[PDB]
Protein chains: 2
Amino acid sequence: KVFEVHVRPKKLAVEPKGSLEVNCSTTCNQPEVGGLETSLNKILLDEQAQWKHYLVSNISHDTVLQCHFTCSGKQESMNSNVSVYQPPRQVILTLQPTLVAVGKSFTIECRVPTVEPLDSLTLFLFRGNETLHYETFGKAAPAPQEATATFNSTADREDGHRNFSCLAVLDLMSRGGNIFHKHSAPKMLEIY
Amino acid sequence: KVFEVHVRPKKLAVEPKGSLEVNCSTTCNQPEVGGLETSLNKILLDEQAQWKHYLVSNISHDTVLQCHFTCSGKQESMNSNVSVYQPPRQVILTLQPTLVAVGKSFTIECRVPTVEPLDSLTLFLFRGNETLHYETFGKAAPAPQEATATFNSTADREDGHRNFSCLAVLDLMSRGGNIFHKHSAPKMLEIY
Ligand SMILES: *[C@@H]1O[C@H](CO)[C@@H](O[C@@H]2O[C@H](CO)[C@@H](O)[C@H](O)[C@H]2NC(C)=O)[C@H](O)[C@H]1NC(C)=O
Ligand SMILES: *[C@@H]1O[C@H](CO)[C@@H](O[C@@H]2O[C@H](CO)[C@@H](O)[C@H](O)[C@H]2NC(C)=O)[C@H](O)[C@H]1NC(C)=O
Ligand SMILES: *[C@@H]1O[C@H](CO)[C@@H](O[C@@H]2O[C@H](CO)[C@@H](O)[C@H](O)[C@H]2NC(C)=O)[C@H](O)[C@H]1NC(C)=O
Ligand SMILES: *[C@@H]1O[C@H](CO)[C@@H](O[C@@H]2O[C@H](CO)[C@@H](O)[C@H](O)[C@H]2NC(C)=O)[C@H](O)[C@H]1NC(C)=O
Ligand SMILES: *[C@@H]1O[C@H](CO)[C@@H](O[C@@H]2O[C@H](CO)[C@@H](O)[C@H](O)[C@H]2NC(C)=O)[C@H](O)[C@H]1NC(C)=O
Ligand SMILES: *[C@@H]1O[C@H](CO)[C@@H](O[C@@H]2O[C@H](CO)[C@@H](O)[C@H](O)[C@H]2NC(C)=O)[C@H](O)[C@H]1NC(C)=O
Ligand SMILES: *[C@@H]1O[C@H](CO)[C@@H](O[C@@H]2O[C@H](CO)[C@@H](O)[C@H](O)[C@H]2NC(C)=O)[C@H](O)[C@H]1NC(C)=O
Ligand SMILES: *[C@@H]1O[C@H](CO)[C@@H](O[C@@H]2O[C@H](CO)[C@@H](O)[C@H](O)[C@H]2NC(C)=O)[C@H](O)[C@H]1NC(C)=O
Ligand SMILES: *[C@@H]1O[C@H](CO)[C@@H](O[C@@H]2O[C@H](CO)[C@@H](O)[C@H](O)[C@H]2NC(C)=O)[C@H](O)[C@H]1NC(C)=O
Ligand SMILES: *[C@@H]1O[C@H](CO)[C@@H](O[C@@H]2O[C@H](CO)[C@@H](O)[C@H](O)[C@H]2NC(C)=O)[C@H](O)[C@H]1NC(C)=O
Ligand SMILES: *[C@@H]1O[C@H](CO)[C@@H](O[C@@H]2O[C@H](CO)[C@@H](O)[C@H](O)[C@H]2NC(C)=O)[C@H](O)[C@H]1NC(C)=O
Ligand SMILES: *[C@@H]1O[C@H](CO)[C@@H](O[C@@H]2O[C@H](CO)[C@@H](O)[C@H](O)[C@H]2NC(C)=O)[C@H](O)[C@H]1NC(C)=O
């Protein structure tokens with residue numbers, strides 16, 4: 001007979017050394033077998049015939065939790081995707097050269113050390129209040145765990161009075177986590 | 001190739017809700033498989049290629065821990081016997097009747113509520129400083145968890161001035177535990 005097995009939470013992001021509670025349940029009344037399989041340490045906190053609640057702990061990297069139940073010789077299962085993350089904590093802006101001749105080129109560069117996963121980190125390069133460029137990571141250019149975005153522009157007369165800045169956004173929403181923002185201190189360019 | 005697997009401690013007695021650390025080791029250099037199997041909650045505290053140290057917890061009744069390692073497709077293993085215990089905490093002595101005619105019979109009775117395992121509990125019936133009787137439990141007469149020892153004697157003139165008492169001894173030495181003693185308050189008989 002067709003039965004279901006569910007895991008709450010289906011996905012969740014947690015920081016290094018973090019932990020989480022998982023409720024592994026099924027529609028089967030008397031499961032012959034039932035459990036949450038994981039490579040991490042786990043404590044069955046509580047169970048009933050139709051569910052088991054565990055506390056899984058000390059998560060260091062992405063990992064999958066396998067929740068399963070056997071009903072009349074038939075096994076069903078469902079996984080929970082746990083992701084690790086460290087939010088942008090420092091965002092540095094650099095203008096190269098700091099002194100530029102009007103109408104000539106310069107390089108804006110943004111760097112965010114220690115942030116993961118990087119394939120969910122996007123950096124924005126602003127000028128005053130206009131977005132000049134932005135890029136998501138995760139293809140290799142400083143990828144799983146350390147990123148940088150550099151853009152070239154030409155110095156304009158108005159850059160004598162508008163700030164350049166960068167914004168890091170770690171969107172963990174599709175990984176069961178939230179959205180983290182960190183702005184850099186603004187930097188003005190010296191033009192002549 | 002012949003290898004060994006050892007568990008420390010080979011046996012241990014612990015109280016209800018207690019816990020213990022187990023060091024599961026082998027002589028095999030690179031075990032393909034290795035672990036401590038148990039029905040209790042367990043935390044791998046630390047490991048090396050030749051050992052795993054776990055903290056097993058919340059022990060409620062006797063239980064066996066299965067320590068195993070696989071070396072080149074061959075499995076070896078060794079168990080650790082965990083016993084639960086609650087030491088004698090109260091020992092009551094009763095003389096029936098309290099007033100006895102010299103040369104006539106009376107019943108000494110000792111009772112120790114809540115003590116386990118009972119097959120390692122021995123009660124002693126003393127008169128002054130002489131052991132009158134003693135019995136080990138574990139055959140059914142109030143057995144796994146609640147015991148009583150009753151003995152009959154004839155009232156003697158000297159019982160007018162010597163105390164009757166009982167001593168409970170829980171010897172857990174063959175179960176990896178220690179030895180617990182609890183005496184009862186002394187009771188004198190009234191003879192006429
Ligand atoms: C957990 O992670 C796995 C790994 O990607 C996800 O599996 C994919 O799920 C989609 C949607 O059903 C399929 O199209 C893919 O083929 C699956 N890939 C694999 C390797 O199985 C799964 O969906 C994730 N679940 C959640 C809730 O995040
Ligand atoms: C774990 O999840 C299960 C499955 O959804 C929960 O079970 C339900 O719990 C509520 C309250 O106990 C009941 O109204 C439902 O009917 C229960 N369903 C079943 C099949 O028993 C359970 O409460 C959760 N447990 C914990 C500790 O979070
Ligand atoms: C959480 O996980 C980490 C990584 O597995 C554990 O760190 C190891 O700890 C041992 C023993 O304390 C050290 O000898 C290792 O060098 C550590 N490895 C790494 C990669 O850091 C940490 O101990 C775990 N925490 C708990 C409470 O089990
Ligand atoms: C950045 O701020 C400037 C204002 O200092 C914005 O300029 C606007 O220009 C548009 C079109 O010329 C007008 O609709 C607004 O009235 C102006 N705003 C102000 C405050 O003067 C500019 O649009 C803003 N850019 C972005 C991307 O928001
Ligand atoms: C921004 O300008 C810099 C500096 O002129 C460019 O860097 C040069 O790139 C070429 C092609 O990759 C290299 O061969 C040169 O050695 C680089 N110059 C120096 C001085 O190192 C860079 O390509 C530009 N980037 C963008 C995004 O416009
Ligand atoms: C460029 O950035 C600087 C640095 O934040 C801005 O200067 C601040 O401006 C406010 C409003 O006038 C003052 O109360 C602060 O004390 C200033 N801080 C410093 C360090 O000077 C400046 O407003 C920005 N310029 C533009 C054009 O947006
Ligand atoms: C753990 O408990 C088991 C259960 O009795 C003990 O197993 C017996 O061990 C003796 C000595 O080798 C054998 O003669 C018996 O046949 C075994 N019985 C069974 C059912 O296997 C074991 O010795 C105990 N170990 C310790 C250290 O207490
Ligand atoms: C667990 O038991 C093992 C096996 O006896 C211990 O390993 C020995 O530890 C000492 C010090 O580390 C060494 O001198 C021995 O040579 C080790 N033997 C091997 C095979 O490595 C281990 O120390 C114990 N671990 C804990 C945490 O108690
Ligand atoms: C230690 O083991 C006991 C016995 O398995 C656990 O007691 C159960 O606890 C649940 C949830 O707290 C209660 O709903 C049950 O009625 C209890 N059963 C019995 C027989 O007492 C106790 O929770 C365990 N402790 C830990 C920390 O897991
Ligand atoms: C109990 O105590 C009495 C002493 O009050 C013991 O009587 C002893 O009797 C033996 C043999 O007649 C003598 O060797 C001792 O000198 C006596 N002891 C004393 C203190 O007078 C009696 O032996 C003791 N019984 C036990 C079992 O120890
Ligand atoms: C101690 O004396 C008591 C009381 O006389 C004995 O109890 C009797 O035992 C018989 C045989 O089992 C029963 O049929 C009677 O009903 C009991 N008498 C009463 C009043 O209940 C007891 O057997 C003696 N025990 C010992 C160890 O000497
Ligand atoms: C019988 O038991 C009683 C109760 O312990 C003993 O009485 C004690 O004796 C000592 C020594 O003389 C006194 O310091 C205590 O205060 C007494 N307690 C009580 C409640 O009276 C008595 O010594 C024992 N009798 C025999 C013959 O051993």
# chains A, B, ... in the order shown; residues from 1 in each chain; ligands from 1

call {"tool": "interface_residues", "arguments": {"of": "chain A", "to": "chain B", "cutoff": "9 Å", "atoms": "only C-alpha atoms", "output": "list in words"}}
result
residues 41, 42, 43 and 44 of chain A

call {"tool": "select_by_dssp", "arguments": {"residues": "chain B", "states": "strand (DSSP E)", "output": "number ranges by chain"}}
result
B: 5-8, 11-14, 18-26, 33-37, 41-48, 51-59, 63-71, 74-84, 92-96, 99-100, 105-112, 121-127, 130-136, 147-154, 163-171, 179-183, 187-188, 190-191

call {"tool": "residues_around", "arguments": {"residues": "residue 84 of chain A", "least_positions_apart": "5", "cutoff": "7 Å", "atoms": "only C-alpha atoms", "output": "PDB file with C-alpha atoms, in the first residue's frame"}}
result
ATOM      1  CA  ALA A  13      21.378  26.346   6.128  1.00  0.00           C
ATOM      2  CA  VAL A  14      23.407  26.403   9.367  1.00  0.00           C
ATOM      3  CA  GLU A  15      26.822  27.819  10.355  1.00  0.00           C
ATOM      4  CA  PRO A  16      29.981  25.765  11.083  1.00  0.00           C
ATOM      5  CA  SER A  60      30.937  21.371   9.132  1.00  0.00           C
ATOM      6  CA  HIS A  61      30.047  21.200   5.453  1.00  0.00           C
ATOM      7  CA  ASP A  62      27.044  20.551   3.205  1.00  0.00           C
TER       8      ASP A  62
END

call {"tool": "residues_around", "arguments": {"residues": "residue 178 of chain A", "least_positions_apart": "4", "cutoff": "12 Å", "atoms": "only C-alpha atoms", "output": "list in words"}}
result
residues 11, 12, 13, 14, 15, 83, 85, 86, 87, 120, 169, 170, 171, 172, 173 and 174 of chain A

call {"tool": "write_last_selection", "arguments": {"atoms": "N, CA, C and O atoms", "output": "mmCIF file, in the first residue's frame"}}
result
data_model
loop_
_atom_site.group_PDB
_atom_site.id
_atom_site.type_symbol
_atom_site.label_atom_id
_atom_site.label_comp_id
_atom_site.auth_asym_id
_atom_site.auth_seq_id
_atom_site.Cartn_x
_atom_site.Cartn_y
_atom_site.Cartn_z
ATOM 1 N N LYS A 11 15.068 21.406 3.924
ATOM 2 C CA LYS A 11 16.382 22.017 3.699
ATOM 3 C C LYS A 11 16.616 23.147 4.715
ATOM 4 O O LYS A 11 15.674 23.831 5.168
ATOM 5 N N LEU A 12 17.873 23.335 5.081
ATOM 6 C CA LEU A 12 18.193 24.347 6.052
ATOM 7 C C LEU A 12 19.654 24.688 5.961
ATOM 8 O O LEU A 12 20.478 23.811 5.778
ATOM 9 N N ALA A 13 19.990 25.951 6.158
ATOM 10 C CA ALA A 13 21.378 26.346 6.128
ATOM 11 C C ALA A 13 21.807 26.596 7.571
ATOM 12 O O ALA A 13 21.038 27.154 8.336
ATOM 13 N N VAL A 14 22.995 26.169 7.981
ATOM 14 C CA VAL A 14 23.407 26.403 9.367
ATOM 15 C C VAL A 14 24.880 26.738 9.299
ATOM 16 O O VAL A 14 25.512 26.412 8.306
ATOM 17 N N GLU A 15 25.400 27.454 10.298
ATOM 18 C CA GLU A 15 26.822 27.819 10.355
ATOM 19 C C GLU A 15 27.700 26.699 10.872
ATOM 20 O O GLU A 15 27.200 25.747 11.469
ATOM 21 N N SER A 83 22.984 22.806 4.440
ATOM 22 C CA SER A 83 24.049 23.612 3.884
ATOM 23 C C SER A 83 24.757 24.394 4.978
ATOM 24 O O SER A 83 24.141 24.899 5.918
ATOM 25 N N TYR A 85 27.179 27.779 5.980
ATOM 26 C CA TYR A 85 27.346 29.109 5.460
ATOM 27 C C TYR A 85 28.041 29.995 6.465
ATOM 28 O O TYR A 85 28.014 29.748 7.671
ATOM 29 N N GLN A 86 28.696 31.019 5.956
ATOM 30 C CA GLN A 86 29.333 32.001 6.803
ATOM 31 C C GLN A 86 28.995 33.239 5.992
ATOM 32 O O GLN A 86 29.389 33.338 4.837
ATOM 33 N N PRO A 87 28.264 34.202 6.583
ATOM 34 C CA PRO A 87 27.823 35.448 5.938
ATOM 35 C C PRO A 87 28.937 36.447 5.636
ATOM 36 O O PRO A 87 29.995 36.373 6.244
ATOM 37 N N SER A 120 26.116 31.510 -4.088
ATOM 38 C CA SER A 120 24.941 32.233 -3.660
ATOM 39 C C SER A 120 25.351 33.636 -3.157
ATOM 40 O O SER A 120 24.573 34.352 -2.518
ATOM 41 N N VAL A 169 25.850 40.286 -1.146
ATOM 42 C CA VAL A 169 24.567 39.711 -0.805
ATOM 43 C C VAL A 169 24.721 38.215 -0.904
ATOM 44 O O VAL A 169 25.242 37.697 -1.878
ATOM 45 N N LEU A 170 24.417 37.566 0.214
ATOM 46 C CA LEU A 170 24.431 36.105 0.348
ATOM 47 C C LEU A 170 22.943 35.725 0.498
ATOM 48 O O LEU A 170 22.311 35.990 1.535
ATOM 49 N N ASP A 171 22.383 35.212 -0.594
ATOM 50 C CA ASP A 171 20.990 34.802 -0.667
ATOM 51 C C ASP A 171 20.946 33.292 -0.484
ATOM 52 O O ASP A 171 21.251 32.540 -1.417
ATOM 53 N N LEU A 172 20.572 32.848 0.718
ATOM 54 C CA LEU A 172 20.506 31.422 1.010
ATOM 55 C C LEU A 172 19.094 30.909 0.964
ATOM 56 O O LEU A 172 18.843 29.803 1.375
ATOM 57 N N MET A 173 18.163 31.718 0.480
ATOM 58 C CA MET A 173 16.763 31.317 0.380
ATOM 59 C C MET A 173 16.483 30.014 -0.347
ATOM 60 O O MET A 173 15.542 29.338 -0.007
ATOM 61 N N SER A 174 17.246 29.652 -1.364
ATOM 62 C CA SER A 174 16.929 28.406 -2.025
ATOM 63 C C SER A 174 17.626 27.228 -1.333
ATOM 64 O O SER A 174 17.583 26.091 -1.830
#

call {"tool": "residues_near_ligand", "arguments": {"ligand": "ligand 7", "cutoff": "9 Å", "atoms": "only C-alpha atoms and all ligand atoms", "output": "short mmCIF file (atom, residue, chain, number, x, y, z; two decimals) with N, CA, C and O atoms, in the first residue's frame"}}
result
data_model
loop_
_atom_site.label_atom_id
_atom_site.label_comp_id
_atom_site.auth_asym_id
_atom_site.auth_seq_id
_atom_site.Cartn_x
_atom_site.Cartn_y
_atom_site.Cartn_z
N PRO B 9 35.28 -0.23 28.76
CA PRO B 9 35.45 -1.31 29.73
C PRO B 9 34.72 -2.58 29.30
O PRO B 9 33.64 -2.48 28.71
N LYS B 10 35.33 -3.75 29.53
CA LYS B 10 34.72 -5.05 29.20
C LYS B 10 33.36 -5.22 29.87
O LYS B 10 32.51 -5.95 29.38
N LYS B 11 33.17 -4.58 31.03
CA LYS B 11 31.91 -4.61 31.79
C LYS B 11 31.89 -3.46 32.81
O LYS B 11 32.94 -3.04 33.35
N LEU B 12 30.70 -2.95 33.07
CA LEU B 12 30.58 -1.85 33.99
C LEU B 12 29.16 -1.75 34.47
O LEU B 12 28.24 -1.94 33.70
N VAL B 64 23.99 -4.59 26.15
CA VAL B 64 25.27 -5.02 25.59
C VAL B 64 25.68 -4.08 24.48
O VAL B 64 24.86 -3.55 23.73
N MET B 78 33.85 -7.78 19.84
CA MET B 78 33.84 -8.05 21.27
C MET B 78 32.80 -7.17 21.95
O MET B 78 32.65 -6.00 21.61
N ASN B 79 32.05 -7.74 22.88
CA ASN B 79 31.02 -7.01 23.62
C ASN B 79 31.48 -6.55 24.98
O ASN B 79 32.42 -7.11 25.58
N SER B 80 30.74 -5.56 25.47
CA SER B 80 30.92 -4.92 26.77
C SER B 80 29.56 -5.07 27.44
O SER B 80 28.53 -4.76 26.82
N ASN B 81 29.52 -5.64 28.66
CA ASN B 81 28.27 -5.82 29.41
C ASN B 81 27.97 -4.72 30.42
O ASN B 81 28.60 -4.66 31.49
N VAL B 82 26.97 -3.90 30.10
CA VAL B 82 26.58 -2.82 30.98
C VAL B 82 25.40 -3.27 31.79
O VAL B 82 24.45 -3.81 31.25
N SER B 174 31.38 -8.73 40.00
CA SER B 174 31.50 -9.54 38.81
C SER B 174 30.76 -8.91 37.63
O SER B 174 30.63 -9.52 36.56
N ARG B 175 30.18 -7.72 37.86
CA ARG B 175 29.46 -6.96 36.83
C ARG B 175 30.18 -5.62 36.50
O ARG B 175 29.65 -4.76 35.79
N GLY B 176 31.40 -5.46 37.02
CA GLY B 176 32.17 -4.26 36.80
C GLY B 176 31.78 -3.09 37.70
O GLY B 176 32.14 -1.95 37.42
#

call {"tool": "residues_near_ligand", "arguments": {"ligand": "ligand 11", "cutoff": "8 Å", "atoms": "only C-alpha atoms and all ligand atoms", "output": "PDB file with N, CA, C and O atoms, in the first residue's frame"}}
result
ATOM      1  N   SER B 105       9.172 -19.827  69.817  1.00  0.00           N
ATOM      2  CA  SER B 105       9.590 -19.299  68.511  1.00  0.00           C
ATOM      3  C   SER B 105       9.199 -17.856  68.137  1.00  0.00           C
ATOM      4  O   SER B 105       8.191 -17.335  68.607  1.00  0.00           O
ATOM      5  N   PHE B 106      10.019 -17.214  67.309  1.00  0.00           N
ATOM      6  CA  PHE B 106       9.710 -15.894  66.773  1.00  0.00           C
ATOM      7  C   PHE B 106      10.329 -15.758  65.370  1.00  0.00           C
ATOM      8  O   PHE B 106      11.191 -16.557  64.984  1.00  0.00           O
ATOM      9  N   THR B 107       9.829 -14.802  64.591  1.00  0.00           N
ATOM     10  CA  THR B 107      10.277 -14.571  63.216  1.00  0.00           C
ATOM     11  C   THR B 107      11.047 -13.233  63.032  1.00  0.00           C
ATOM     12  O   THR B 107      10.531 -12.160  63.350  1.00  0.00           O
ATOM     13  N   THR B 150      13.398 -13.919  55.709  1.00  0.00           N
ATOM     14  CA  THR B 150      12.773 -14.146  57.016  1.00  0.00           C
ATOM     15  C   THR B 150      13.317 -15.431  57.658  1.00  0.00           C
ATOM     16  O   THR B 150      13.420 -16.425  56.977  1.00  0.00           O
ATOM     17  N   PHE B 151      13.647 -15.425  58.954  1.00  0.00           N
ATOM     18  CA  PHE B 151      14.214 -16.591  59.623  1.00  0.00           C
ATOM     19  C   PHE B 151      13.554 -16.804  60.960  1.00  0.00           C
ATOM     20  O   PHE B 151      13.192 -15.837  61.587  1.00  0.00           O
ATOM     21  N   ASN B 152      13.438 -18.061  61.410  1.00  0.00           N
ATOM     22  CA  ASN B 152      12.843 -18.425  62.710  1.00  0.00           C
ATOM     23  C   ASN B 152      13.852 -18.920  63.701  1.00  0.00           C
ATOM     24  O   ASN B 152      14.661 -19.800  63.412  1.00  0.00           O
ATOM     25  N   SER B 153      13.670 -18.482  64.925  1.00  0.00           N
ATOM     26  CA  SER B 153      14.587 -18.830  65.965  1.00  0.00           C
ATOM     27  C   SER B 153      13.801 -18.991  67.283  1.00  0.00           C
ATOM     28  O   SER B 153      12.608 -18.688  67.336  1.00  0.00           O
TER      29      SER B 153
END

call {"tool": "residues_near_ligand", "arguments": {"ligand": "ligand 2", "cutoff": "8 Å", "atoms": "only C-alpha atoms and all ligand atoms", "output": "ChimeraX atom specification"}}
result
/A:8,23-27,29,45-53

call {"tool": "closest_residue", "arguments": {"among": "B:7, B:108, B:2, B:22", "to": "residue 74 of chain B", "atoms": "only C-alpha atoms"}}
result
B:2

call {"tool": "residues_near_ligand", "arguments": {"ligand": "ligand 4", "cutoff": "8 Å", "atoms": "only C-alpha atoms and all ligand atoms", "output": "ChimeraX atom specification"}}
result
/A:128-131

call {"tool": "write_last_selection", "arguments": {"atoms": "N, CA, C and O atoms", "output": "tab-separated table (two decimals), in the first residue's frame"}}
result
chain	number	residue	atom	x	y	z
A	128	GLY	N	27.72	56.32	-6.52
A	128	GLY	CA	26.66	57.19	-6.07
A	128	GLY	C	25.50	56.26	-5.78
A	128	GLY	O	25.55	55.48	-4.82
A	129	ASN	N	24.51	56.25	-6.64
A	129	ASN	CA	23.37	55.36	-6.43
A	129	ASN	C	23.04	54.53	-7.68
A	129	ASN	O	21.92	54.05	-7.85
A	130	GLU	N	24.01	54.39	-8.58
A	130	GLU	CA	23.79	53.64	-9.80
A	130	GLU	C	24.63	52.38	-9.75
A	130	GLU	O	25.72	52.39	-9.22
A	131	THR	N	24.04	51.25	-10.13
A	131	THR	CA	24.77	49.98	-10.15
A	131	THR	C	25.54	49.96	-11.45
A	131	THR	O	24.96	50.11	-12.54

call {"tool": "select_by_dssp", "arguments": {"residues": "chain B", "states": "helix (DSSP H, G or I)", "output": "PyMOL selection string"}}
result
chain B and resi 118-120+157-161+173-175

call {"tool": "residues_around", "arguments": {"residues": "residue 127 of chain B", "least_positions_apart": "2", "cutoff": "9 Å", "atoms": "only C-alpha atoms", "output": "list in words"}}
result
residues 125, 129, 130, 131, 132, 159, 162, 163, 164, 165 and 166 of chain B

call {"tool": "residues_around", "arguments": {"residues": "segment 145-147 of chain A", "least_positions_apart": "2", "cutoff": "8 Å", "atoms": "only C-alpha atoms", "output": "PyMOL selection string"}}
result
chain A and resi 111-118+137+141-143+149

call {"tool": "closest_residue", "arguments": {"among": "B:39, B:98, B:30, B:57", "to": "residue 71 of chain B", "atoms": "only C-alpha atoms"}}
result
B:30

call {"tool": "atom_distance", "arguments": {"atom1": "atom 7 (O, counted along the ligand's line) of ligand 5", "atom2": "atom CA of residue 186 of chain A"}}
result
23.6 Å

call {"tool": "closest_residue", "arguments": {"among": "B:54, B:124, B:69, B:192", "to": "residue 32 of chain B", "atoms": "only C-alpha atoms"}}
result
B:69

call {"tool": "closest_atom_pairs", "arguments": {"of": "chain A", "to": "ligand 3", "cutoff": "7 Å", "atoms": "only C-alpha atoms and all ligand atoms", "output": "tab-separated table"}}
result
residue	atom	partner	partner_atom_place_in_ligand_line	distance
A:17	CA	ligand 3	1 (C)	6.0
A:58	CA	ligand 3	1 (C)	4.8
A:59	CA	ligand 3	2 (O)	6.9
A:60	CA	ligand 3	2 (O)	6.3

call {"tool": "closest_residue", "arguments": {"among": "A:55, A:28, A:160, A:1", "to": "ligand 9", "atoms": "only C-alpha atoms and all ligand atoms"}}
result
A:55
